[PDB]
>>> print(open('input.pdb').read())   # PDB, C-alpha atoms and all ligand atoms
ATOM      1  CA  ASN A   4       0.000   0.000   0.000  1.00  0.00           C
ATOM      2  CA  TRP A   5       3.067   2.220   0.351  1.00  0.00           C
ATOM      3  CA  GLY A   6       4.269   4.723  -2.203  1.00  0.00           C
ATOM      4  CA  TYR A   7       5.585   8.255  -2.439  1.00  0.00           C
ATOM      5  CA  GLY A   8       2.466  10.405  -2.356  1.00  0.00           C
ATOM      6  CA  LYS A   9       1.109  12.650   0.328  1.00  0.00           C
ATOM      7  CA  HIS A  10      -1.065   9.923   1.771  1.00  0.00           C
ATOM      8  CA  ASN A  11       1.209   6.856   1.510  1.00  0.00           C
ATOM      9  CA  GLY A  12       4.743   8.207   1.306  1.00  0.00           C
ATOM     10  CA  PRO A  13       7.865   8.203   3.473  1.00  0.00           C
ATOM     11  CA  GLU A  14       6.240  10.017   6.388  1.00  0.00           C
ATOM     12  CA  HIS A  15       3.666   7.225   6.654  1.00  0.00           C
ATOM     13  CA  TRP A  16       5.889   4.185   6.261  1.00  0.00           C
ATOM     14  CA  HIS A  17       6.601   3.801   9.980  1.00  0.00           C
ATOM     15  CA  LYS A  18       3.035   2.685  10.733  1.00  0.00           C
ATOM     16  CA  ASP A  19       3.408  -0.566   8.836  1.00  0.00           C
ATOM     17  CA  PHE A  20       7.196  -0.673   9.137  1.00  0.00           C
ATOM     18  CA  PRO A  21       8.238   0.603  12.576  1.00  0.00           C
ATOM     19  CA  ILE A  22      11.915   0.041  11.721  1.00  0.00           C
ATOM     20  CA  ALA A  23      11.491   3.256   9.704  1.00  0.00           C
ATOM     21  CA  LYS A  24      12.471   5.046  12.922  1.00  0.00           C
ATOM     22  CA  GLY A  25      15.318   2.642  13.608  1.00  0.00           C
ATOM     23  CA  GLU A  26      18.973   3.185  14.483  1.00  0.00           C
ATOM     24  CA  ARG A  27      20.370   2.295  11.056  1.00  0.00           C
ATOM     25  CA  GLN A  28      18.119   3.903   8.467  1.00  0.00           C
ATOM     26  CA  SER A  29      18.957   5.195   4.994  1.00  0.00           C
ATOM     27  CA  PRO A  30      19.429   7.418   3.178  1.00  0.00           C
ATOM     28  CA  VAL A  31      21.488   9.950   5.109  1.00  0.00           C
ATOM     29  CA  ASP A  32      23.125  13.277   4.475  1.00  0.00           C
ATOM     30  CA  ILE A  33      26.869  12.826   3.979  1.00  0.00           C
ATOM     31  CA  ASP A  34      28.553  15.690   5.825  1.00  0.00           C
ATOM     32  CA  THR A  35      31.938  15.651   4.078  1.00  0.00           C
ATOM     33  CA  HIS A  36      33.636  17.544   6.919  1.00  0.00           C
ATOM     34  CA  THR A  37      32.494  14.942   9.467  1.00  0.00           C
ATOM     35  CA  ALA A  38      33.316  11.810   7.375  1.00  0.00           C
ATOM     36  CA  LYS A  39      36.783  10.422   8.079  1.00  0.00           C
ATOM     37  CA  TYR A  40      39.314   8.914   5.715  1.00  0.00           C
ATOM     38  CA  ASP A  41      39.806   5.277   6.698  1.00  0.00           C
ATOM     39  CA  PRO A  42      43.255   3.974   5.705  1.00  0.00           C
ATOM     40  CA  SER A  43      42.104   0.417   6.630  1.00  0.00           C
ATOM     41  CA  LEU A  44      39.634   0.323   3.725  1.00  0.00           C
ATOM     42  CA  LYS A  45      40.881  -1.929   1.079  1.00  0.00           C
ATOM     43  CA  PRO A  46      40.603  -1.173  -2.611  1.00  0.00           C
ATOM     44  CA  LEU A  47      37.032  -1.497  -3.928  1.00  0.00           C
ATOM     45  CA  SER A  48      36.543  -4.153  -6.603  1.00  0.00           C
ATOM     46  CA  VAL A  49      33.668  -3.906  -9.053  1.00  0.00           C
ATOM     47  CA  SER A  50      33.812  -6.939 -11.342  1.00  0.00           C
ATOM     48  CA  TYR A  51      30.961  -6.685 -13.834  1.00  0.00           C
ATOM     49  CA  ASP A  52      32.627  -8.130 -16.963  1.00  0.00           C
ATOM     50  CA  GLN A  53      30.472 -11.301 -16.782  1.00  0.00           C
ATOM     51  CA  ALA A  54      27.224  -9.607 -15.761  1.00  0.00           C
ATOM     52  CA  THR A  55      24.095 -11.127 -17.268  1.00  0.00           C
ATOM     53  CA  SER A  56      21.074  -8.865 -17.341  1.00  0.00           C
ATOM     54  CA  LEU A  57      17.758 -10.614 -17.904  1.00  0.00           C
ATOM     55  CA  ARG A  58      14.794  -8.321 -17.665  1.00  0.00           C
ATOM     56  CA  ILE A  59      13.512  -4.876 -16.790  1.00  0.00           C
ATOM     57  CA  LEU A  60      10.454  -4.451 -14.585  1.00  0.00           C
ATOM     58  CA  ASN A  61       8.250  -1.548 -13.601  1.00  0.00           C
ATOM     59  CA  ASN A  62       7.291  -2.534 -10.048  1.00  0.00           C
ATOM     60  CA  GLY A  63       5.030   0.449  -9.354  1.00  0.00           C
ATOM     61  CA  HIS A  64       7.745   2.284  -7.412  1.00  0.00           C
ATOM     62  CA  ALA A  65      10.704   2.298  -9.820  1.00  0.00           C
ATOM     63  CA  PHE A  66      12.070   0.031 -12.553  1.00  0.00           C
ATOM     64  CA  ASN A  67      14.503  -2.768 -11.782  1.00  0.00           C
ATOM     65  CA  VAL A  68      17.070  -4.076 -14.239  1.00  0.00           C
ATOM     66  CA  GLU A  69      17.392  -7.683 -13.053  1.00  0.00           C
ATOM     67  CA  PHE A  70      20.483  -9.903 -13.327  1.00  0.00           C
ATOM     68  CA  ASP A  71      21.125 -13.633 -13.262  1.00  0.00           C
ATOM     69  CA  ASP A  72      22.588 -14.113  -9.783  1.00  0.00           C
ATOM     70  CA  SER A  73      22.714 -17.917  -9.833  1.00  0.00           C
ATOM     71  CA  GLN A  74      26.514 -17.790 -10.345  1.00  0.00           C
ATOM     72  CA  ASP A  75      29.418 -15.524  -9.326  1.00  0.00           C
ATOM     73  CA  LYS A  76      29.254 -13.307 -12.397  1.00  0.00           C
ATOM     74  CA  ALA A  77      28.802  -9.636 -11.403  1.00  0.00           C
ATOM     75  CA  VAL A  78      30.333  -9.133  -7.967  1.00  0.00           C
ATOM     76  CA  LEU A  79      31.365  -6.385  -5.567  1.00  0.00           C
ATOM     77  CA  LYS A  80      34.220  -6.966  -3.145  1.00  0.00           C
ATOM     78  CA  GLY A  81      36.846  -5.048  -1.221  1.00  0.00           C
ATOM     79  CA  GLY A  82      36.436  -1.649   0.320  1.00  0.00           C
ATOM     80  CA  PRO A  83      34.548  -2.099   3.577  1.00  0.00           C
ATOM     81  CA  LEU A  84      33.235  -5.506   2.479  1.00  0.00           C
ATOM     82  CA  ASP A  85      34.177  -8.927   3.815  1.00  0.00           C
ATOM     83  CA  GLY A  86      33.822 -11.570   1.113  1.00  0.00           C
ATOM     84  CA  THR A  87      31.807 -11.439  -2.083  1.00  0.00           C
ATOM     85  CA  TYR A  88      28.512  -9.683  -2.870  1.00  0.00           C
ATOM     86  CA  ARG A  89      26.553 -10.649  -5.984  1.00  0.00           C
ATOM     87  CA  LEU A  90      24.631  -8.172  -8.128  1.00  0.00           C
ATOM     88  CA  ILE A  91      20.910  -8.924  -8.304  1.00  0.00           C
ATOM     89  CA  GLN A  92      19.412  -5.699  -9.647  1.00  0.00           C
ATOM     90  CA  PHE A  93      19.757  -1.990 -10.124  1.00  0.00           C
ATOM     91  CA  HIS A  94      17.182   0.777 -10.169  1.00  0.00           C
ATOM     92  CA  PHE A  95      17.010   4.538  -9.786  1.00  0.00           C
ATOM     93  CA  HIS A  96      15.383   7.248  -7.741  1.00  0.00           C
ATOM     94  CA  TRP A  97      14.634  10.568  -9.356  1.00  0.00           C
ATOM     95  CA  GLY A  98      12.733  13.801  -9.048  1.00  0.00           C
ATOM     96  CA  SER A  99       9.980  15.763 -10.750  1.00  0.00           C
ATOM     97  CA  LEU A 100      12.569  18.521 -11.270  1.00  0.00           C
ATOM     98  CA  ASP A 101      16.317  18.455 -11.770  1.00  0.00           C
ATOM     99  CA  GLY A 102      16.844  20.036  -8.334  1.00  0.00           C
ATOM    100  CA  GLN A 103      15.731  16.949  -6.424  1.00  0.00           C
ATOM    101  CA  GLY A 104      15.631  13.200  -6.730  1.00  0.00           C
ATOM    102  CA  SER A 105      18.623  11.691  -4.984  1.00  0.00           C
ATOM    103  CA  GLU A 106      18.228   9.857  -1.674  1.00  0.00           C
ATOM    104  CA  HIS A 107      21.639  10.449  -0.170  1.00  0.00           C
ATOM    105  CA  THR A 108      22.713  14.082  -0.118  1.00  0.00           C
ATOM    106  CA  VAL A 109      26.209  15.568   0.080  1.00  0.00           C
ATOM    107  CA  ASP A 110      26.483  18.569   2.408  1.00  0.00           C
ATOM    108  CA  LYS A 111      22.706  18.818   1.923  1.00  0.00           C
ATOM    109  CA  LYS A 112      23.099  18.889  -1.892  1.00  0.00           C
ATOM    110  CA  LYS A 113      20.368  16.943  -3.702  1.00  0.00           C
ATOM    111  CA  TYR A 114      21.251  15.454  -7.091  1.00  0.00           C
ATOM    112  CA  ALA A 115      18.773  14.936  -9.941  1.00  0.00           C
ATOM    113  CA  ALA A 116      18.735  11.165  -9.405  1.00  0.00           C
ATOM    114  CA  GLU A 117      20.525   8.260  -7.758  1.00  0.00           C
ATOM    115  CA  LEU A 118      21.391   4.791  -9.048  1.00  0.00           C
ATOM    116  CA  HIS A 119      21.363   1.801  -6.685  1.00  0.00           C
ATOM    117  CA  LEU A 120      23.250  -1.364  -7.668  1.00  0.00           C
ATOM    118  CA  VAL A 121      22.006  -3.961  -5.186  1.00  0.00           C
ATOM    119  CA  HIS A 122      24.200  -6.895  -4.150  1.00  0.00           C
ATOM    120  CA  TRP A 123      23.773  -9.736  -1.652  1.00  0.00           C
ATOM    121  CA  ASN A 124      26.404 -11.463   0.438  1.00  0.00           C
ATOM    122  CA  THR A 125      27.097 -14.917  -0.964  1.00  0.00           C
ATOM    123  CA  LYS A 127      27.847 -16.379   2.478  1.00  0.00           C
ATOM    124  CA  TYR A 128      24.048 -16.384   3.052  1.00  0.00           C
ATOM    125  CA  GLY A 129      23.137 -18.322  -0.081  1.00  0.00           C
ATOM    126  CA  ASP A 130      20.374 -16.138  -1.512  1.00  0.00           C
ATOM    127  CA  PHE A 131      18.870 -12.683  -1.246  1.00  0.00           C
ATOM    128  CA  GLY A 132      16.023 -13.760   1.041  1.00  0.00           C
ATOM    129  CA  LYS A 133      18.426 -15.033   3.709  1.00  0.00           C
ATOM    130  CA  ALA A 134      20.812 -12.124   3.227  1.00  0.00           C
ATOM    131  CA  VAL A 135      18.136  -9.629   4.225  1.00  0.00           C
ATOM    132  CA  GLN A 136      17.901 -11.312   7.606  1.00  0.00           C
ATOM    133  CA  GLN A 137      21.558 -10.318   8.359  1.00  0.00           C
ATOM    134  CA  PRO A 138      23.254  -7.051   9.365  1.00  0.00           C
ATOM    135  CA  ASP A 139      25.828  -7.561   6.597  1.00  0.00           C
ATOM    136  CA  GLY A 140      23.473  -9.180   4.118  1.00  0.00           C
ATOM    137  CA  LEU A 141      23.560  -6.540   1.393  1.00  0.00           C
ATOM    138  CA  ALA A 142      25.881  -4.032  -0.228  1.00  0.00           C
ATOM    139  CA  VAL A 143      24.407  -1.234  -2.341  1.00  0.00           C
ATOM    140  CA  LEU A 144      26.583   0.877  -4.613  1.00  0.00           C
ATOM    141  CA  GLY A 145      24.976   4.307  -4.948  1.00  0.00           C
ATOM    142  CA  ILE A 146      25.857   6.648  -7.796  1.00  0.00           C
ATOM    143  CA  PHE A 147      24.589  10.192  -8.134  1.00  0.00           C
ATOM    144  CA  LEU A 148      23.260  11.495 -11.430  1.00  0.00           C
ATOM    145  CA  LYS A 149      23.467  15.139 -12.489  1.00  0.00           C
ATOM    146  CA  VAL A 150      21.941  16.707 -15.599  1.00  0.00           C
ATOM    147  CA  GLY A 151      24.439  17.694 -18.271  1.00  0.00           C
ATOM    148  CA  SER A 152      25.896  15.586 -21.064  1.00  0.00           C
ATOM    149  CA  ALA A 153      24.111  12.407 -22.089  1.00  0.00           C
ATOM    150  CA  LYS A 154      25.333   9.092 -20.684  1.00  0.00           C
ATOM    151  CA  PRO A 155      25.701   6.718 -23.664  1.00  0.00           C
ATOM    152  CA  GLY A 156      25.566   3.601 -21.471  1.00  0.00           C
ATOM    153  CA  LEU A 157      22.164   4.638 -20.136  1.00  0.00           C
ATOM    154  CA  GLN A 158      20.337   4.976 -23.492  1.00  0.00           C
ATOM    155  CA  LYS A 159      19.363   1.283 -23.786  1.00  0.00           C
ATOM    156  CA  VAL A 160      17.608   1.705 -20.521  1.00  0.00           C
ATOM    157  CA  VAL A 161      15.910   4.972 -21.558  1.00  0.00           C
ATOM    158  CA  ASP A 162      14.703   3.522 -24.866  1.00  0.00           C
ATOM    159  CA  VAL A 163      12.923   0.534 -23.337  1.00  0.00           C
ATOM    160  CA  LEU A 164      10.948   2.462 -20.733  1.00  0.00           C
ATOM    161  CA  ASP A 165       8.093   3.036 -23.186  1.00  0.00           C
ATOM    162  CA  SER A 166       7.487  -0.709 -23.147  1.00  0.00           C
ATOM    163  CA  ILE A 167       7.218  -0.885 -19.333  1.00  0.00           C
ATOM    164  CA  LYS A 168       5.237   2.305 -18.800  1.00  0.00           C
ATOM    165  CA  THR A 169       2.939   0.970 -16.098  1.00  0.00           C
ATOM    166  CA  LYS A 170       3.114  -1.100 -12.922  1.00  0.00           C
ATOM    167  CA  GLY A 171       3.614  -4.796 -13.541  1.00  0.00           C
ATOM    168  CA  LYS A 172       5.014  -4.508 -17.068  1.00  0.00           C
ATOM    169  CA  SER A 173       8.345  -6.135 -17.845  1.00  0.00           C
ATOM    170  CA  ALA A 174      10.487  -6.541 -20.945  1.00  0.00           C
ATOM    171  CA  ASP A 175      13.402  -8.730 -21.919  1.00  0.00           C
ATOM    172  CA  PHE A 176      16.597  -6.847 -21.207  1.00  0.00           C
ATOM    173  CA  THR A 177      19.565  -9.038 -21.995  1.00  0.00           C
ATOM    174  CA  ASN A 178      23.103  -8.001 -22.850  1.00  0.00           C
ATOM    175  CA  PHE A 179      22.999  -4.725 -20.906  1.00  0.00           C
ATOM    176  CA  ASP A 180      26.425  -3.789 -19.499  1.00  0.00           C
ATOM    177  CA  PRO A 181      26.271  -2.054 -16.093  1.00  0.00           C
ATOM    178  CA  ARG A 182      29.938  -0.918 -16.448  1.00  0.00           C
ATOM    179  CA  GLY A 183      28.631   1.870 -18.593  1.00  0.00           C
ATOM    180  CA  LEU A 184      26.828   3.448 -15.641  1.00  0.00           C
ATOM    181  CA  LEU A 185      29.910   3.913 -13.544  1.00  0.00           C
ATOM    182  CA  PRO A 186      31.882   7.131 -13.172  1.00  0.00           C
ATOM    183  CA  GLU A 187      35.624   7.306 -13.731  1.00  0.00           C
ATOM    184  CA  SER A 188      36.545   7.419 -10.030  1.00  0.00           C
ATOM    185  CA  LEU A 189      35.650   4.809  -7.420  1.00  0.00           C
ATOM    186  CA  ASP A 190      36.274   7.163  -4.481  1.00  0.00           C
ATOM    187  CA  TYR A 191      33.431   6.580  -2.043  1.00  0.00           C
ATOM    188  CA  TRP A 192      31.823   7.066   1.343  1.00  0.00           C
ATOM    189  CA  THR A 193      30.533   4.080   3.288  1.00  0.00           C
ATOM    190  CA  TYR A 194      28.301   3.582   6.301  1.00  0.00           C
ATOM    191  CA  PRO A 195      25.932   0.923   7.688  1.00  0.00           C
ATOM    192  CA  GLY A 196      22.282   1.457   6.759  1.00  0.00           C
ATOM    193  CA  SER A 197      19.075   0.032   5.399  1.00  0.00           C
ATOM    194  CA  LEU A 198      16.900  -0.485   2.394  1.00  0.00           C
ATOM    195  CA  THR A 199      15.397   2.903   1.449  1.00  0.00           C
ATOM    196  CA  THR A 200      12.014   1.400   0.551  1.00  0.00           C
ATOM    197  CA  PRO A 201       9.658  -0.760   2.648  1.00  0.00           C
ATOM    198  CA  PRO A 202      10.387  -3.099   4.393  1.00  0.00           C
ATOM    199  CA  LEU A 203      13.363  -0.810   5.260  1.00  0.00           C
ATOM    200  CA  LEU A 204      15.463  -3.691   6.574  1.00  0.00           C
ATOM    201  CA  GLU A 205      18.740  -2.741   8.280  1.00  0.00           C
ATOM    202  CA  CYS A 206      20.914  -5.090   6.241  1.00  0.00           C
ATOM    203  CA  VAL A 207      22.964  -2.805   3.973  1.00  0.00           C
ATOM    204  CA  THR A 208      26.569  -1.697   3.765  1.00  0.00           C
ATOM    205  CA  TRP A 209      26.190   1.527   1.758  1.00  0.00           C
ATOM    206  CA  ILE A 210      28.950   2.498  -0.675  1.00  0.00           C
ATOM    207  CA  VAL A 211      28.185   5.906  -2.188  1.00  0.00           C
ATOM    208  CA  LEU A 212      30.476   7.091  -4.974  1.00  0.00           C
ATOM    209  CA  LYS A 213      31.694  10.680  -4.769  1.00  0.00           C
ATOM    210  CA  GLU A 214      31.817  11.295  -8.521  1.00  0.00           C
ATOM    211  CA  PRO A 215      28.365  11.682 -10.103  1.00  0.00           C
ATOM    212  CA  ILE A 216      27.647  10.543 -13.634  1.00  0.00           C
ATOM    213  CA  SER A 217      26.106  13.045 -16.035  1.00  0.00           C
ATOM    214  CA  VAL A 218      22.861  12.278 -17.887  1.00  0.00           C
ATOM    215  CA  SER A 219      21.031  14.536 -20.299  1.00  0.00           C
ATOM    216  CA  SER A 220      17.880  16.488 -19.532  1.00  0.00           C
ATOM    217  CA  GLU A 221      16.237  14.343 -22.220  1.00  0.00           C
ATOM    218  CA  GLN A 222      17.278  11.098 -20.516  1.00  0.00           C
ATOM    219  CA  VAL A 223      15.777  12.070 -17.148  1.00  0.00           C
ATOM    220  CA  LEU A 224      12.686  13.497 -18.805  1.00  0.00           C
ATOM    221  CA  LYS A 225      12.030  10.009 -20.184  1.00  0.00           C
ATOM    222  CA  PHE A 226      12.312   8.600 -16.671  1.00  0.00           C
ATOM    223  CA  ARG A 227       9.574  11.033 -15.670  1.00  0.00           C
ATOM    224  CA  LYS A 228       7.141   9.652 -18.294  1.00  0.00           C
ATOM    225  CA  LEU A 229       6.875   6.338 -16.426  1.00  0.00           C
ATOM    226  CA  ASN A 230       3.792   5.598 -14.358  1.00  0.00           C
ATOM    227  CA  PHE A 231       3.334   4.436 -10.760  1.00  0.00           C
ATOM    228  CA  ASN A 232      -0.148   3.169 -11.712  1.00  0.00           C
ATOM    229  CA  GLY A 233      -1.098   0.125 -13.704  1.00  0.00           C
ATOM    230  CA  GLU A 234      -2.341  -0.012 -17.256  1.00  0.00           C
ATOM    231  CA  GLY A 235      -5.747   1.532 -17.727  1.00  0.00           C
ATOM    232  CA  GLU A 236      -5.649   3.468 -14.468  1.00  0.00           C
ATOM    233  CA  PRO A 237      -5.520   7.256 -14.063  1.00  0.00           C
ATOM    234  CA  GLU A 238      -2.030   8.472 -14.818  1.00  0.00           C
ATOM    235  CA  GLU A 239       0.254   9.270 -11.890  1.00  0.00           C
ATOM    236  CA  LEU A 240       3.717   9.996 -13.157  1.00  0.00           C
ATOM    237  CA  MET A 241       6.610   8.115 -11.617  1.00  0.00           C
ATOM    238  CA  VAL A 242       8.513  11.049 -10.125  1.00  0.00           C
ATOM    239  CA  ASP A 243       9.936  11.844  -6.662  1.00  0.00           C
ATOM    240  CA  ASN A 244      10.338   8.171  -5.763  1.00  0.00           C
ATOM    241  CA  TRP A 245      13.067   9.092  -3.246  1.00  0.00           C
ATOM    242  CA  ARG A 246      13.111   8.824   0.553  1.00  0.00           C
ATOM    243  CA  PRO A 247      14.595  11.912   2.257  1.00  0.00           C
ATOM    244  CA  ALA A 248      17.640  11.823   4.488  1.00  0.00           C
ATOM    245  CA  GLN A 249      17.183  10.145   7.866  1.00  0.00           C
ATOM    246  CA  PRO A 250      18.963  10.704  11.198  1.00  0.00           C
ATOM    247  CA  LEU A 251      22.539   9.463  11.284  1.00  0.00           C
ATOM    248  CA  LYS A 252      22.189   8.538  14.996  1.00  0.00           C
ATOM    249  CA  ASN A 253      25.210   6.556  16.285  1.00  0.00           C
ATOM    250  CA  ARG A 254      26.957   5.988  12.964  1.00  0.00           C
ATOM    251  CA  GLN A 255      30.159   7.009  11.282  1.00  0.00           C
ATOM    252  CA  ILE A 256      30.601   7.675   7.589  1.00  0.00           C
ATOM    253  CA  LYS A 257      34.043   6.646   6.338  1.00  0.00           C
ATOM    254  CA  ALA A 258      35.760   8.016   3.238  1.00  0.00           C
ATOM    255  CA  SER A 259      37.951   5.936   0.937  1.00  0.00           C
ATOM    256  CA  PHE A 260      39.970   9.029  -0.070  1.00  0.00           C
ATOM    257  CA  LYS A 261      42.161  11.530   1.745  1.00  0.00           C
TER     258      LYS A 261
HETATM  259 ZN    ZN B   1      17.165   2.245  -4.111  1.00  0.00          ZN
END
>>> encode(input="input.pdb", output="structure tokens")
Amino acid sequence: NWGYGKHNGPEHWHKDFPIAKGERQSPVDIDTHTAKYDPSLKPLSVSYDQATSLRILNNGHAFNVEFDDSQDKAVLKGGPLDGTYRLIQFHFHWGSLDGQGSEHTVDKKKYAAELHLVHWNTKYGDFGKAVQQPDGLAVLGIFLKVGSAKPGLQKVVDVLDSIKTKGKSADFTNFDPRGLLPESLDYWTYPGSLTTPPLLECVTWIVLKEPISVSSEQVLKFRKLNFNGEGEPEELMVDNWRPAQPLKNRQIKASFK
């Protein structure tokens, strides 16, 4: 029943999901002056050369690009992570206007959108078990700003017309998520949660410092999606972001000096 509107959005989620007010919630504001360089962080390893995308789905809240995670193909390791985390999906959050849309903020700066590459810890066998663990998931977050087009995003943009409404999916094989990454892997990391219901506190967040640029035209096509299902009154899929939550007793670590 949850969504992003006035009557079902982030300020309501706590009634069905009391962990919304928990000690480990995401997103957060990243205060760059308070975050500390951590020389114990190891190099981050993003190994997507054997990634196998399968399908793209409009789930009524965003669209997910889904991957075959039955094998160690696309994996995240290193940085703050112990062991191997397998990519299962990515999706975005974005605004109705270029001045908002990201979930994490940087010194209170909101970006136009934010990409989440979702990975689960292979020591727990599958995603469903991983989300019962405090180190079950690792999400790589990448900010998007409006400027030059991102060529690696276009295949995504061009298929959204086929998945306009909730429940629609399309085949989406041979998509390469390397083309969504910025040049630098400098990042901030902290322990947090899923940013949508059920808001489970299972995530090691890795937020890249360098945004990618996308064109105004690319984001405008995101904003033509629908939260509603086919044949229902149109409610544009915009502002599907949760605002920053209290940092509470957490530390944000930087990978860079
Ligand atoms: Zn997300």
>>> residues_near_ligand(input="input.pdb", ligand="ligand ZN 1 (chain B)", cutoff="12 Å", atoms="only C-alpha atoms and all ligand atoms", output="VMD selection string")
chain A and resid 29 to 30 64 to 68 92 to 97 104 to 107 116 to 122 142 to 147 197 to 201 203 207 209 211 244 to 247
>>> write_last_selection(input="input.pdb", atoms="C-alpha atoms", output="short mmCIF file (atom, residue, chain, number, x, y, z; two decimals), keeping the file's coordinate frame")
data_model
loop_
_atom_site.label_atom_id
_atom_site.label_comp_id
_atom_site.auth_asym_id
_atom_site.auth_seq_id
_atom_site.Cartn_x
_atom_site.Cartn_y
_atom_site.Cartn_z
CA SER A 29 18.96 5.20 4.99
CA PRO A 30 19.43 7.42 3.18
CA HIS A 64 7.74 2.28 -7.41
CA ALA A 65 10.70 2.30 -9.82
CA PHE A 66 12.07 0.03 -12.55
CA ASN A 67 14.50 -2.77 -11.78
CA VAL A 68 17.07 -4.08 -14.24
CA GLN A 92 19.41 -5.70 -9.65
CA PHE A 93 19.76 -1.99 -10.12
CA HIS A 94 17.18 0.78 -10.17
CA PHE A 95 17.01 4.54 -9.79
CA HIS A 96 15.38 7.25 -7.74
CA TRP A 97 14.63 10.57 -9.36
CA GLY A 104 15.63 13.20 -6.73
CA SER A 105 18.62 11.69 -4.98
CA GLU A 106 18.23 9.86 -1.67
CA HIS A 107 21.64 10.45 -0.17
CA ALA A 116 18.74 11.16 -9.40
CA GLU A 117 20.52 8.26 -7.76
CA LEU A 118 21.39 4.79 -9.05
CA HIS A 119 21.36 1.80 -6.68
CA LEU A 120 23.25 -1.36 -7.67
CA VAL A 121 22.01 -3.96 -5.19
CA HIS A 122 24.20 -6.90 -4.15
CA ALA A 142 25.88 -4.03 -0.23
CA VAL A 143 24.41 -1.23 -2.34
CA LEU A 144 26.58 0.88 -4.61
CA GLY A 145 24.98 4.31 -4.95
CA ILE A 146 25.86 6.65 -7.80
CA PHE A 147 24.59 10.19 -8.13
CA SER A 197 19.08 0.03 5.40
CA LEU A 198 16.90 -0.48 2.39
CA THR A 199 15.40 2.90 1.45
CA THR A 200 12.01 1.40 0.55
CA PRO A 201 9.66 -0.76 2.65
CA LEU A 203 13.36 -0.81 5.26
CA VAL A 207 22.96 -2.80 3.97
CA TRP A 209 26.19 1.53 1.76
CA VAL A 211 28.18 5.91 -2.19
CA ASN A 244 10.34 8.17 -5.76
CA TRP A 245 13.07 9.09 -3.25
CA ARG A 246 13.11 8.82 0.55
CA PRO A 247 14.60 11.91 2.26
#
>>> resolve_selection(input="input.pdb", expression="the PyMOL selection byres (((chain A and resi 39) around 7) and not hetatm)", output="ChimeraX atom specification")
/A:37-38,40-41,256-258
>>> closest_atom_pairs(input="input.pdb", of="region 177-235 of chain A", to="region 252-255 of chain A", cutoff="10 Å", atoms="all atoms listed in the file", output="Markdown table")
| residue | atom | partner | partner_atom | distance |
| --- | --- | --- | --- | --- |
| A:193 | CA | A:255 | CA | 8.5 |
| A:194 | CA | A:255 | CA | 6.3 |
| A:195 | CA | A:254 | CA | 7.4 |
| A:196 | CA | A:254 | CA | 9.0 |
>>> residues_around(input="input.pdb", residues="residue 176 (chain A)", least_positions_apart="2", cutoff="9 Å", atoms="only C-alpha atoms", output="list in words")
residues 56, 57, 58, 59, 68, 69, 159, 160, 163, 173, 174, 178 and 179 of chain A
>>> resolve_selection(input="input.pdb", expression="the PyMOL selection byres (((chain A and resi 125) around 6) and not hetatm)", output="ChimeraX atom specification")
/A:87-88,124,127-129
>>> atom_distance(input="input.pdb", atom1="CA of residue 108 (chain A)", atom2="CA of residue 33 (chain A)")
6.0 Å
>>> atom_distance(input="input.pdb", atom1="CA of residue 112 (chain A)", atom2="CA of residue 23 (chain A)")
22.7 Å
>>> atom_distance(input="input.pdb", atom1="CA of residue 155 (chain A)", atom2="CA of residue 114 (chain A)")
19.3 Å
>>> residues_around(input="input.pdb", residues="residue 43 (chain A)", least_positions_apart="5", cutoff="12 Å", atoms="all atoms listed in the file", output="JSON, numbers by chain")
{"A": [81, 82, 83, 84, 257, 258, 259, 260]}
>>> residues_around(input="input.pdb", residues="residue 21 (chain A)", least_positions_apart="3", cutoff="12 Å", atoms="all atoms listed in the file", output="list in words")
residues 13, 14, 15, 16, 17, 18, 24, 25, 26, 28, 201, 202, 203, 204 and 205 of chain A
>>> write_last_selection(input="input.pdb", atoms="C-alpha atoms", output="compact mmCIF listing (two decimals), in the frame of the given file")
# COMPACT_ATOMS: atom_id res chain seq x y z
CA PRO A 13 7.86 8.20 3.47
CA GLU A 14 6.24 10.02 6.39
CA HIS A 15 3.67 7.22 6.65
CA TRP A 16 5.89 4.18 6.26
CA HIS A 17 6.60 3.80 9.98
CA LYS A 18 3.04 2.68 10.73
CA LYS A 24 12.47 5.05 12.92
CA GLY A 25 15.32 2.64 13.61
CA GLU A 26 18.97 3.18 14.48
CA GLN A 28 18.12 3.90 8.47
CA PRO A 201 9.66 -0.76 2.65
CA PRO A 202 10.39 -3.10 4.39
CA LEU A 203 13.36 -0.81 5.26
CA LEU A 204 15.46 -3.69 6.57
CA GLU A 205 18.74 -2.74 8.28
>>> closest_residue(input="input.pdb", among="A:164, A:91, A:229, A:60", to="residue 74 (chain A)", atoms="all atoms listed in the file")
A:91
